[PDB]
Amino acid sequence: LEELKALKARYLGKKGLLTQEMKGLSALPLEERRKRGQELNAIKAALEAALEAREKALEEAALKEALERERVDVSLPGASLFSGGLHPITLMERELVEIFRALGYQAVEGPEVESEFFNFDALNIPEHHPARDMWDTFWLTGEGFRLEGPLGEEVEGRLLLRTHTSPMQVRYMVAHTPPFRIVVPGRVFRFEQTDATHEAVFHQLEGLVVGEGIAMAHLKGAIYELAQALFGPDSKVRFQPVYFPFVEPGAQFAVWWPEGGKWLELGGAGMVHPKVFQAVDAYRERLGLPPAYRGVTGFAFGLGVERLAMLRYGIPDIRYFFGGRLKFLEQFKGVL
Amino acid sequence: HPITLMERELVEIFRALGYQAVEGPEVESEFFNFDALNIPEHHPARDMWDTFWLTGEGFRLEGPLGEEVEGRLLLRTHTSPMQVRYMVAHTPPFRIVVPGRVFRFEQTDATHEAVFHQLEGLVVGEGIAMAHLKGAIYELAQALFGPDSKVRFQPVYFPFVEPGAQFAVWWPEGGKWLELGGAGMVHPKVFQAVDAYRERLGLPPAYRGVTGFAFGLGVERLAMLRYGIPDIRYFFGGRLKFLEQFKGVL
Amino acid sequence: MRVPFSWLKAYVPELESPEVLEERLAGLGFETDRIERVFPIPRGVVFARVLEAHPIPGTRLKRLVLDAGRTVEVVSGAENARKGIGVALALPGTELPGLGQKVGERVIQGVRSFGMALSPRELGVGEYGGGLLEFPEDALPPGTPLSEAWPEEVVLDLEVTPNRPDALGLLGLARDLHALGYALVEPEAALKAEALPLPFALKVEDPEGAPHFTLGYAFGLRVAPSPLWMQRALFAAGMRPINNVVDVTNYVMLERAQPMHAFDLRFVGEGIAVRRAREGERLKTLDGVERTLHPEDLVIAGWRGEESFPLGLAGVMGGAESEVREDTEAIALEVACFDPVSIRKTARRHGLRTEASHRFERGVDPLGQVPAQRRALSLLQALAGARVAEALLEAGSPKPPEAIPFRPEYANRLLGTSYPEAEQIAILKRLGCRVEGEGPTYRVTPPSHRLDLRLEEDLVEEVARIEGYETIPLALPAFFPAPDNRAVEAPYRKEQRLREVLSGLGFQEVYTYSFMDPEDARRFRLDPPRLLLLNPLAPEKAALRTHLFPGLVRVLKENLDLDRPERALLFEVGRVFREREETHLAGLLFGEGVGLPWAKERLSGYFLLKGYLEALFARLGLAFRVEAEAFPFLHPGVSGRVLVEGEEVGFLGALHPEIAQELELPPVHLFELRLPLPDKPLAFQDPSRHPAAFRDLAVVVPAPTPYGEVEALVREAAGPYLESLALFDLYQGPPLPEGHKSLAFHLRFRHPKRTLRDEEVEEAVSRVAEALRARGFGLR
Amino acid sequence: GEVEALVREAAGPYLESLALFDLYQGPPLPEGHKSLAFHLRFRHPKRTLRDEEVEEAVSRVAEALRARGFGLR
RNA sequence: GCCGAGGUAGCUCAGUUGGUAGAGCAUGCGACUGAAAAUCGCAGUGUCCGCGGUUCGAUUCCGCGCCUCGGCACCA
Ligand SMILES: Nc1ncnc2c1ncn2[C@@H]1O[C@H](COP(=O)(O)OC[C@@H](N)Cc2ccccc2)[C@@H](O)[C@H]1O
Ligand SMILES: Nc1ncnc2c1ncn2[C@@H]1O[C@H](COP(=O)(O)OC[C@@H](N)Cc2ccccc2)[C@@H](O)[C@H]1O
Ligand SMILES: [Mg+2]
């Protein structure tokens with residue numbers, strides 16, 4: 001109600017003012033005894049009593065309605081905004097990448113639809129290749145499709161779906177020059193019947209460290225670091241010889257899982273093979289770029305994401321990731 | 001907040017070099033902020049920082065090993081005390097960067113605050129050289145201003161680093177040398193104060209046969225130059241019209 | 001420190017240019033804040049010789065007759081204007097920097113003043129303007145242009161770090177430029193002493209304050225103004241010439257960073273006594289300032305018979321009375337090393353900062369006194385034609401610096417350099433060290449003046465710098481970190497993710513001064529701060545914050561006042577103080593709410609926030625629920641605590657109305673948890689592929705009951721096979737008792753291996769109705 | 001989309017915000033029509049602004065709103 | 001720890017032959033709308049830093065201590 005009880009400031013102001021500052025002000029100071037004090041008084045006797053009274057009056061009138069009215073069952077469900085989440089494959093990948101990032105590795109990705117040149121040939125896996133059977137290639141057919149190589153040039157060859165991310169080794173090298181450390185995550189496709197620990201579409205993680213002075217000791221150090229970061233100080237790695245046409249001193253590695261007392265076989269590894277360096281530089285000439293991998297050496301490694309994820313998040317079956325079940329996914333909302 | 005966007009990027013930059021990101025307390029003891037850092041009383045060199053002294057009974061400040069640390073309470077005038085704390089806690093080799101808000105007593109202006117953020121970098125280990133300190137900054141430089149960047153080291157003094165230095169990074173896209181922070185090889189007496197403190201806590205010495213470098217930079221100033229904020233008093237200002245500007249720096 | 005290029009170039013003859021010197025001093029450890037040309041003196045100013053100074057009757061002015069080649073007169077009110085001195089005569093038609101309008105013939109109190117005799121301010125050589133410059137009467141031939149004997153100078157402004165008090169003296173600074181290979185020229189104080197007794201005695205009573213105290217004796221003095229080179233030099237360094245004696249003291253001081261002071265013997269009495277001021281004693285220093293003395297002040301006193309009086313505030317500033325003037329013939333020269341702390345204390349106790357105290361605080365050569373005495377005594381003999389005595393008066397025997405074990409192998413190890421041993425030893429020797437070694441670890445003993453060289457690391461620094469930090473190569477260390485360092489950065493990545501996640505939903509981050517206004521303790525109804533300040537920037541910033549919202553809210557008011565945000569969802573992560581420093585997360589909602597820019601239907605307030613928050617921990621996969629709790633700063637009607645994973649950690653509600661009213665603010669909501677948030681380890685759990693038997697069921701409950709207790713009970717007895725739950729509606733209407741409400745839940749059961757029969761669900765839906773009764777609730 | 005695009009456009013540089021606080025397709029309006037009520041907001045960098053300036057703008061917005069083919073309740 | 005200047009309505013701020021404690025957006029009921037806006041009267045949240053004075057509503061003399069600044073002395 002005071003809204004007016006306020007405006008009354010001029011209702012009492014000007015009006016009352018029509019007594020002093022409105023009745024000969026060029027002589028008012030020569031009249032000061034009583035009359036001026038009449039207002040000096042009322043001007044104070046009113047402003048304080050009035051203006052404040054009405055205030056505190058409502059200051060305890062409005063603030064009173066609320067205190068009483070507003071009563072909520074706080075513990076009552078509230079607005080239902082949505083709450084996102086990230087796929088388990090990503091949670092893992094991210095952590096793997098953050099793990100290698102700390103070692104100085106760069107994270108770059110490549111295409112899923114490759115050419116027989118980058119997936120096999122440049123990797124030393126010629127035709128009818130006996131060793132070309134660990135991957136069960138998905139062949140493609142498509143006219144009007146423009147696959148493009150490293151230097152944005154149109155790359156030719158029989159199109160297909162990369163059977164591993166290793167082709168990013170060949171691509172990234174014709175593009176950049178050493179020294180460098182790269183890890184290239186990615187979805188790969190193979191032709192094999194699926195089961196509890198197998199898929200036809202899964203993810204790997206390449207690691208390529210080229211440079212003069214690079215040794216297998218360095219390859220072993222990386223895995224030793226991958227191991228620690230993933231299973232703590234009480235972890236350890238195991239390297240055993242194995243074959244890949246693109247790494248001569250080849251190896252397969254396993255990390256020791258303390259909290260489970262079991263050796264897990266993570267991926268392949270080894271020192272980059274002489275002919276991959278040859279295929280790279282060789283490809284560069286074709287593109288008029290000077291050779292760069294002539295005086296260097298380097299190591300590569302590639303691991304199965306899902307399998308690490310599985311063991312890492314406890315998912316019993318590998319066919320869950322690409323399943324699509326919201327009841328499955330939502331489970332990981334919070335892995336950081 | 002812009003301070004965070006920056007900090008994050010700085011941390012991601014050093015993370016890639018193998019550095020660990022740990023934080024320390026804002027309310028320190030005169031022991032970790034000055035003494036263990038070689039800045040005794042009436043210290044002529046104890047005047048680059050204008051200490052904020054505190055007063056509080058019932059307040060429980062706690063040192064590294066969760067023990068109750070004694071001494072005259074205050075607000076850390078730099079993050080460097082995290083150098084002393086982290087060393088009595090862990091053992092070398094290691095690489096650490098410890099971001100954090102620091103407080104100083106100085107009139108504010110366009111490029112000054114009383115409350116601002118720094119970023120420590122401590123790399124202890126046998127075989128560590130100043131060449132390694134210079135390499136880090138050279139990397140900090142690149143990541144921040146591209147291949148055409150370069151660093152500049154000039155002698156300067158700090159009681160806690162003997163071969164001391166101040167460094168600047170070359171900003172191509174602006175053709176100007178920016179003075180980022182201090183640096184240098186950890187001083188012999190800091191290693192001494194650390195191990196010395198450990199005994200007191202019954203831990204074996206660990207920094208006897210090692211050497212190491214530290215560096216500390218001003219976040220805001222880097223931020224400012226990095227995001228173009230003309231005045232440093234904007235960060236802690238509170239203006240939503242200012243903040244919202246950075247919604248999207250990634 | 002002002003460094004007059006040419007003054008330096010006198011010790012370091014071959015310096016390239018002011019530019020190069022700055023480049024050089026840069027690499028040496030000193031950066032120049034600025035560089036500047038200083039003595040532009042027009043051709044119009046000449047040297048003149050005051051033949052006679054005639055007082056203009058009736059005035060306070062003087063008619064000066066000057067030999068300015070030809071004879072001229074000039075009027076001047078300068079007290080110091082007298083016969084027999086030289087002056088800087090600005091001829092009519094001269095453009096002066098210091099007073100810009102063109103000088104000319106002007107009649108004053110009856111005399112055709114031919115131009116005017118300048119003063120320090122008027123010539124632009126100093127800020128002083130209370131007298132004319134006073135040149136040696138025979139300085140130059142009357143009439144020669146002044147510049148011809150006072151060339152434009154260049155002054156560098158050098159930052160001299162505390163570890164280089166030897167550098168507060170150009171001869172010291174010079175010694176560094178020398179090590180870079182620059183020829184060094186030390187002045188050779190050429191004394192012609194006389195073996196005779198000193199008319200006074202020394203009696204150091206506080207050897208603790210005056211570790212080393214020497215007095216000199218120069219007599220038969222002829223006090224007069226300094227030659228131009230001296231006056232020019234002092235001015236470029238920021239100081240104003242005063243005469244013969246006094247000037248040489250200041251000159252030397254700047255040269256070798258050794259403050260000294262000539263006491264007039266007329267006042268010295270029997271001898272000089274270095275003691276502490278007698279709590280009470282008064283002293284009127286040079287600045288004209290009459291002061292009282294704190295019994296802790298180290299005084300330079302004199303005694304007469306059984307008397308004792310102060311003559312100067314030791315190490316800080318001399319006394320006004322005994323200063324040398326024109327009528328003085330003999331002095332007692334003070335050249336000592338005073339306790340750095342004593343000076344520091346005293347200097348500040350009296351709010352004084354002199355070139356003297358500044359150096360005595362930072363540090364003086366513990367053994368550079370005597371060489372200094374000769375330099376001064378020599379000069380006095382050459383400019384004041386003094387007759388210097390042969391013996392000094394020493395008090396204290398400082399011990400030369402000790403040896404430092406120096407291995408050039410380690411220097412190169414610690415630097416990552418491979419400087420040949422030879423270059424190292426060479427350098428060290430140029431900086432004045434004594435390298436008494438055979439190899440591999442030498443015995444390097446530094447110069448008395450290097451206070452910053454005690455350790456072998458100190459020495460290695462000397463190589464890096466003299467060799468050039470730019471010569472230390474780049475590198476990158478490679479190693480496996482010690483095990484107790486693994487994962488040390490979890491705490492960090494955790495909180496960071498947090499922020500990042502918040503910034504996700506829609507919260508705008510905000511940083512707020514750690515400071516707190518003691519008043520807000522009452523203004524927001526909180527407990528007073530435990531940690532306060534002994535030096536607050538302002539009482540408003542007197543204490544250390546105990547909560548994050550007082551600030552979050554304030555930044556709101558401040559927003560709505562500069563701009564009027566129609567709405568705002570904010571958050572802040574910061575350190576709070578109270579018993580223990582602890583990290584907190586704070587939020588704040590306010591405004592219309594979330595809805596459609598048009599359609600009035602808005603979604604907001606308390607439940608909007610609890611909305612986001614539930615959505616939040618949802619993302620983090622953490623248990624969250626609120627349970628009404630009284631919080632002195634929240635509407636009693638809307639106020640509870642927050643429960644993360646079961647453990648309480650903060651609160652969520654609306655700001656207390658009474659408060660909003662004071663800060664003249666609308667309604668507002670907030671919360672403030674404590675970090676780090678609980679950590680729930682994840683346990684994967686295969687979800688059954690068998691259909692979930694689900695059924696609805698309302699529960700008539702009394703209006704006062706909280707939805708929290710209801711659900712807690714339903715879910716509880718709802719059985720294990722219970723998948724979901726949910727509250728699809730709350731009804732407080734007609735077909736229900738008085739003060740009651742019904743909660744309709746959408747339950748859902750499910751079995752892992754096989755489907756379930758309704759006979760099982762009932763045996764459960766029932767178990768829920770039974771406890772719903774045993775307690776005291778209905779079931780519509 | 002077209003409405004706002006036009007309003008903001010001619011709304012002048014000094015225009016800070018804009019906003020659509022309500023869309024009305026009702027009675028006091030022609031057939032097959034609707035009104036869009038915008039909450040504009042202008043602002044000057046160095047000093048305050050006089051309503052004589054805003055009008056010279058609020059108007060420029062009404063003129064193009066007509067040259068085009070829209071009304072202005 | 002010295003000279004000298006400012007510190008007044010959700011905000012930006014001039015000011016002083018004083019009736020103006022206010023002007024410029026902005027803000028509070030009737031009533032023009034469904035809901036607003038450009039509108040006409042009707043009005044002032046204002047301790048014109050805080051403790052104390054100052055005329056008939058005080059900002060200003062005037063007292064000391066406080067938020068702000070230049071210079072100064074240090075040196076971030
Ligand atoms: N169907 C599937 N489902 C899940 N993970 C699978 C998989 N097929 C393969 N993997 C994972 O993929 C990893 C590597 O694939 P593999 O074909 O064995 O080697 C592939 C090479 N491209 C890796 C390599 C790179 C560089 C140097 C040496 C080796 C395996 O260790 C395995 O854990
Ligand atoms: N008021 C302020 N506002 C913004 N940035 C500031 C600041 N005060 C200082 N800084 C920044 O803080 C940086 C370092 O602080 P400063 O006090 O100069 O050295 C501080 C040492 N703690 C750093 C150091 C660590 C390890 C080895 C050597 C040095 C500066 O380079 C500057 O850019
Ligand atoms: Mg040194």
# chains A, B, ... in the order shown; residues from 1 in each chain; ligands from 1

$ interface_residues --of "chain D" --to "chain E" --cutoff "12 Å" --atoms "only C-alpha atoms (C1' of nucleotides)" --output "PyMOL selection string"
chain D and resi 20-29+35-55+58-59+62+72-73

$ residues_near_ligand --ligand "ligand 2" --cutoff "9 Å" --atoms "only C-alpha atoms (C1' of nucleotides) and all ligand atoms" --output "ChimeraX atom specification"
/B:48-49,77-81,83,102-109,111-122,156-161,164-168,178-186,213-222,232 /E:76

$ write_last_selection --atoms "C-alpha atoms (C1' of nucleotides)" --output "PDB file, in the first residue's frame"
ATOM      1  CA  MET B  48      59.575  -8.879  -4.290  1.00  0.00           C
ATOM      2  CA  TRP B  49      56.516 -10.406  -2.626  1.00  0.00           C
ATOM      3  CA  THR B  77      53.058 -15.075  -2.395  1.00  0.00           C
ATOM      4  CA  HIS B  78      53.920 -17.547  -5.172  1.00  0.00           C
ATOM      5  CA  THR B  79      53.253 -21.230  -5.860  1.00  0.00           C
ATOM      6  CA  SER B  80      56.907 -22.139  -5.347  1.00  0.00           C
ATOM      7  CA  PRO B  81      56.158 -23.466  -1.878  1.00  0.00           C
ATOM      8  CA  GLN B  83      58.183 -27.256  -4.592  1.00  0.00           C
ATOM      9  CA  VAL B 102      48.572 -16.563  -5.261  1.00  0.00           C
ATOM     10  CA  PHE B 103      48.126 -13.333  -3.254  1.00  0.00           C
ATOM     11  CA  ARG B 104      50.345 -10.248  -3.048  1.00  0.00           C
ATOM     12  CA  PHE B 105      50.031  -6.811  -1.506  1.00  0.00           C
ATOM     13  CA  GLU B 106      50.381  -4.291  -4.319  1.00  0.00           C
ATOM     14  CA  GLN B 107      48.181  -1.579  -5.770  1.00  0.00           C
ATOM     15  CA  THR B 108      46.288  -2.875  -8.766  1.00  0.00           C
ATOM     16  CA  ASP B 109      46.276  -1.433 -12.309  1.00  0.00           C
ATOM     17  CA  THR B 111      48.566  -5.241 -15.685  1.00  0.00           C
ATOM     18  CA  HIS B 112      48.599  -5.936 -11.950  1.00  0.00           C
ATOM     19  CA  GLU B 113      46.443  -7.605  -9.323  1.00  0.00           C
ATOM     20  CA  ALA B 114      46.606  -8.465  -5.643  1.00  0.00           C
ATOM     21  CA  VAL B 115      45.207 -11.893  -6.353  1.00  0.00           C
ATOM     22  CA  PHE B 116      46.519 -13.705  -9.399  1.00  0.00           C
ATOM     23  CA  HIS B 117      47.621 -17.122 -10.680  1.00  0.00           C
ATOM     24  CA  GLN B 118      51.067 -18.634 -11.331  1.00  0.00           C
ATOM     25  CA  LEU B 119      52.261 -22.008 -12.642  1.00  0.00           C
ATOM     26  CA  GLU B 120      55.201 -23.848 -11.072  1.00  0.00           C
ATOM     27  CA  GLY B 121      57.271 -26.390 -12.903  1.00  0.00           C
ATOM     28  CA  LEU B 122      59.648 -28.592 -10.959  1.00  0.00           C
ATOM     29  CA  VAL B 156      68.129 -12.759 -12.612  1.00  0.00           C
ATOM     30  CA  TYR B 157      67.941 -13.479  -8.908  1.00  0.00           C
ATOM     31  CA  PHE B 158      65.788 -15.705  -6.687  1.00  0.00           C
ATOM     32  CA  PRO B 159      67.041 -17.108  -3.399  1.00  0.00           C
ATOM     33  CA  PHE B 160      65.829 -20.588  -4.365  1.00  0.00           C
ATOM     34  CA  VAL B 161      67.584 -21.216  -7.690  1.00  0.00           C
ATOM     35  CA  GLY B 164      68.806 -18.038 -11.843  1.00  0.00           C
ATOM     36  CA  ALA B 165      66.976 -16.721 -14.813  1.00  0.00           C
ATOM     37  CA  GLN B 166      64.007 -14.766 -16.164  1.00  0.00           C
ATOM     38  CA  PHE B 167      62.582 -15.821 -19.467  1.00  0.00           C
ATOM     39  CA  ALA B 168      60.770 -14.363 -22.433  1.00  0.00           C
ATOM     40  CA  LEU B 178      56.936 -11.210 -23.629  1.00  0.00           C
ATOM     41  CA  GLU B 179      58.425 -11.735 -20.178  1.00  0.00           C
ATOM     42  CA  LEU B 180      56.744 -14.849 -18.800  1.00  0.00           C
ATOM     43  CA  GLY B 181      58.377 -15.930 -15.567  1.00  0.00           C
ATOM     44  CA  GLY B 182      61.419 -16.813 -13.521  1.00  0.00           C
ATOM     45  CA  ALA B 183      63.370 -20.067 -13.743  1.00  0.00           C
ATOM     46  CA  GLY B 184      66.664 -21.704 -12.927  1.00  0.00           C
ATOM     47  CA  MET B 185      68.351 -24.724 -11.373  1.00  0.00           C
ATOM     48  CA  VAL B 186      66.998 -25.553  -7.909  1.00  0.00           C
ATOM     49  CA  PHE B 213      65.043 -27.012 -12.378  1.00  0.00           C
ATOM     50  CA  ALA B 214      62.002 -24.932 -11.501  1.00  0.00           C
ATOM     51  CA  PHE B 215      60.124 -22.199 -13.306  1.00  0.00           C
ATOM     52  CA  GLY B 216      57.061 -20.175 -12.467  1.00  0.00           C
ATOM     53  CA  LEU B 217      54.880 -18.094 -14.742  1.00  0.00           C
ATOM     54  CA  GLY B 218      52.067 -15.572 -14.521  1.00  0.00           C
ATOM     55  CA  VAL B 219      48.890 -17.127 -15.869  1.00  0.00           C
ATOM     56  CA  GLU B 220      46.813 -13.989 -16.305  1.00  0.00           C
ATOM     57  CA  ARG B 221      49.501 -12.112 -18.149  1.00  0.00           C
ATOM     58  CA  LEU B 222      49.836 -15.019 -20.539  1.00  0.00           C
ATOM     59  CA  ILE B 232      43.937  -7.749 -15.758  1.00  0.00           C
TER      60      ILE B 232
ATOM     61  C1'   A E  76      55.659  -6.302  -9.912  1.00  0.00           C
TER      62        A E  76
END

$ residues_near_ligand --ligand "ligand 1" --cutoff "6 Å" --atoms "only C-alpha atoms (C1' of nucleotides) and all ligand atoms" --output "PyMOL selection string"
chain A and resi 164-166+198-200+202+204+247+266-270+300-304+306-307

$ write_last_selection --atoms "C-alpha atoms" --output "PDB file, in the first residue's frame"
ATOM      1  CA  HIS A 164      43.938 -52.447 -38.881  1.00  0.00           C
ATOM      2  CA  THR A 165      44.935 -48.835 -38.218  1.00  0.00           C
ATOM      3  CA  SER A 166      48.529 -49.479 -39.270  1.00  0.00           C
ATOM      4  CA  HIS A 198      35.362 -61.080 -31.071  1.00  0.00           C
ATOM      5  CA  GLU A 199      33.727 -58.598 -33.417  1.00  0.00           C
ATOM      6  CA  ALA A 200      33.704 -57.768 -37.107  1.00  0.00           C
ATOM      7  CA  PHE A 202      36.292 -53.064 -33.537  1.00  0.00           C
ATOM      8  CA  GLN A 204      42.678 -50.478 -32.416  1.00  0.00           C
ATOM      9  CA  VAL A 247      58.117 -54.745 -38.431  1.00  0.00           C
ATOM     10  CA  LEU A 266      47.311 -56.473 -25.713  1.00  0.00           C
ATOM     11  CA  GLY A 267      48.769 -56.054 -29.176  1.00  0.00           C
ATOM     12  CA  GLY A 268      51.584 -56.427 -31.657  1.00  0.00           C
ATOM     13  CA  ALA A 269      54.702 -54.258 -31.812  1.00  0.00           C
ATOM     14  CA  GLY A 270      58.226 -54.082 -33.134  1.00  0.00           C
ATOM     15  CA  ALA A 300      55.134 -49.192 -33.984  1.00  0.00           C
ATOM     16  CA  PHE A 301      52.581 -50.976 -31.850  1.00  0.00           C
ATOM     17  CA  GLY A 302      48.874 -51.549 -32.186  1.00  0.00           C
ATOM     18  CA  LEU A 303      46.379 -52.629 -29.564  1.00  0.00           C
ATOM     19  CA  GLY A 304      42.782 -53.777 -29.309  1.00  0.00           C
ATOM     20  CA  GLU A 306      37.649 -53.134 -26.754  1.00  0.00           C
ATOM     21  CA  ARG A 307      39.570 -55.999 -25.252  1.00  0.00           C
TER      22      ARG A 307
END

$ atom_distance --atom1 "CA of residue 11 (chain C)" --atom2 "CA of residue 254 (chain C)"
12.8 Å

$ interface_residues --of "chain A" --to "chain B" --cutoff "6 Å" --atoms "only C-alpha atoms" --output "PyMOL selection string"
chain A and resi 101-104

$ select_by_dssp --residues "chain D" --states "alpha helix (DSSP H)" --output "CSV table (one decimal) with N, CA and C atoms, in the first residue's frame"
chain,number,residue,atom,x,y,z
D,2,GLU,N,13.0,-14.4,-41.0
D,2,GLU,CA,13.1,-13.2,-41.8
D,2,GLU,C,12.8,-11.9,-41.0
D,3,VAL,N,11.8,-12.0,-40.1
D,3,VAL,CA,11.5,-10.9,-39.3
D,3,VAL,C,12.7,-10.3,-38.6
D,4,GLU,N,13.2,-11.2,-37.7
D,4,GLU,CA,14.4,-10.8,-36.8
D,4,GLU,C,15.6,-10.3,-37.7
D,5,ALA,N,15.8,-11.1,-38.8
D,5,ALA,CA,16.9,-10.7,-39.7
D,5,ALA,C,16.8,-9.3,-40.1
D,6,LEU,N,15.6,-8.8,-40.3
D,6,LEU,CA,15.3,-7.5,-40.8
D,6,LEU,C,15.4,-6.5,-39.6
D,7,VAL,N,14.8,-6.8,-38.5
D,7,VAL,CA,14.8,-5.9,-37.4
D,7,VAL,C,16.2,-5.6,-36.9
D,8,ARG,N,16.9,-6.7,-36.6
D,8,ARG,CA,18.3,-6.5,-36.1
D,8,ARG,C,19.1,-5.7,-37.2
D,9,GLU,N,19.0,-6.1,-38.4
D,9,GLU,CA,19.7,-5.4,-39.5
D,9,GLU,C,19.6,-3.9,-39.4
D,10,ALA,N,18.3,-3.4,-39.6
D,10,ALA,CA,18.1,-1.9,-39.6
D,10,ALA,C,18.0,-1.4,-38.2
D,51,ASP,N,17.3,9.4,-25.9
D,51,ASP,CA,16.2,8.8,-26.5
D,51,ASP,C,16.0,9.4,-27.9
D,52,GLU,N,16.6,10.5,-28.2
D,52,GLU,CA,16.4,11.1,-29.5
D,52,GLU,C,17.2,10.3,-30.5
D,53,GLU,N,18.2,9.5,-30.0
D,53,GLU,CA,19.1,8.7,-30.9
D,53,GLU,C,18.4,7.3,-31.1
D,54,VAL,N,17.8,6.8,-30.0
D,54,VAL,CA,17.2,5.5,-30.1
D,54,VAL,C,16.0,5.5,-31.0
D,55,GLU,N,15.2,6.6,-30.9
D,55,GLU,CA,14.0,6.8,-31.8
D,55,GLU,C,14.5,6.8,-33.3
D,56,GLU,N,15.5,7.6,-33.5
D,56,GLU,CA,16.1,7.7,-34.9
D,56,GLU,C,16.6,6.4,-35.3
D,57,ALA,N,16.4,5.4,-34.5
D,57,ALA,CA,16.8,4.0,-34.7
D,57,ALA,C,15.6,3.1,-34.7
D,58,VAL,N,14.8,3.2,-33.5
D,58,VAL,CA,13.6,2.4,-33.4
D,58,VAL,C,12.8,2.7,-34.6
D,59,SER,N,12.9,3.9,-35.1
D,59,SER,CA,12.2,4.3,-36.3
D,59,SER,C,12.7,3.6,-37.5
D,60,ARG,N,14.0,3.8,-37.8
D,60,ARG,CA,14.7,3.1,-38.9
D,60,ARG,C,14.2,1.7,-39.0
D,61,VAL,N,13.8,1.1,-37.9
D,61,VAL,CA,13.4,-0.3,-37.9
D,61,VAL,C,11.9,-0.4,-38.3
D,62,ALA,N,11.1,0.7,-38.1
D,62,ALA,CA,9.7,0.7,-38.4
D,62,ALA,C,9.6,1.0,-39.9
D,63,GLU,N,10.5,1.8,-40.4
D,63,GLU,CA,10.5,2.2,-41.8
D,63,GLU,C,10.7,1.0,-42.8
D,64,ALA,N,11.8,0.2,-42.5
D,64,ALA,CA,12.1,-0.9,-43.3
D,64,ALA,C,11.1,-2.0,-43.0
D,65,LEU,N,10.4,-1.9,-41.9
D,65,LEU,CA,9.4,-2.9,-41.5
D,65,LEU,C,8.2,-2.6,-42.3
D,66,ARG,N,8.1,-1.4,-43.0
D,66,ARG,CA,7.0,-1.0,-43.8
D,66,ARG,C,7.4,-1.2,-45.2
D,67,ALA,N,8.6,-0.7,-45.6
D,67,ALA,CA,9.0,-0.8,-47.0
D,67,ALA,C,8.9,-2.2,-47.4
D,68,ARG,N,9.1,-3.1,-46.5
D,68,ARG,CA,9.0,-4.5,-46.8
D,68,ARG,C,7.6,-4.9,-46.9

$ interface_residues --of "chain C" --to "chain D" --cutoff "9 Å" --atoms "only C-alpha atoms" --output "ChimeraX atom specification"
/C:596-600

$ residues_near_ligand --ligand "ligand 3" --cutoff "12 Å" --atoms "only C-alpha atoms (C1' of nucleotides) and all ligand atoms" --output "VMD selection string"
(chain B and resid 155 to 165 184 to 185 187) or (chain C and resid 28 to 29 161 to 166 446 450 to 465)

$ interface_residues --of "chain E" --to "chain A" --cutoff "7 Å" --atoms "only C-alpha atoms (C1' of nucleotides)" --output "VMD selection string"
chain E and resid 19 43 56

$ residues_around --residues "residue 151 (chain B)" --least-positions-apart "6" --cutoff "12 Å" --atoms "only C-alpha atoms (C1' of nucleotides)" --output "ChimeraX atom specification"
/B:133-142,144-145,166-172,176-181 /C:469-470,473-474

$ closest_residue --among "C:673, C:736, C:538, C:771" --to "chain E" --atoms "only C-alpha atoms (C1' of nucleotides)"
C:538

$ residues_around --residues "region 30-43 of chain C" --least-positions-apart "5" --cutoff "7 Å" --atoms "only C-alpha atoms (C1' of nucleotides)" --output "PyMOL selection string"
chain C and resi 22+25+94-95+123-125+145+147+151-160

$ closest_atom_pairs --of "chain E" --to "chain B" --cutoff "12 Å" --atoms "only C-alpha atoms (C1' of nucleotides)" --output "tab-separated table"
residue	atom	partner	partner_atom	distance
E:68	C1'	B:107	CA	10.9
E:69	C1'	B:109	CA	10.6
E:74	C1'	B:47	CA	10.3
E:75	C1'	B:48	CA	8.2
E:76	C1'	B:48	CA	7.3
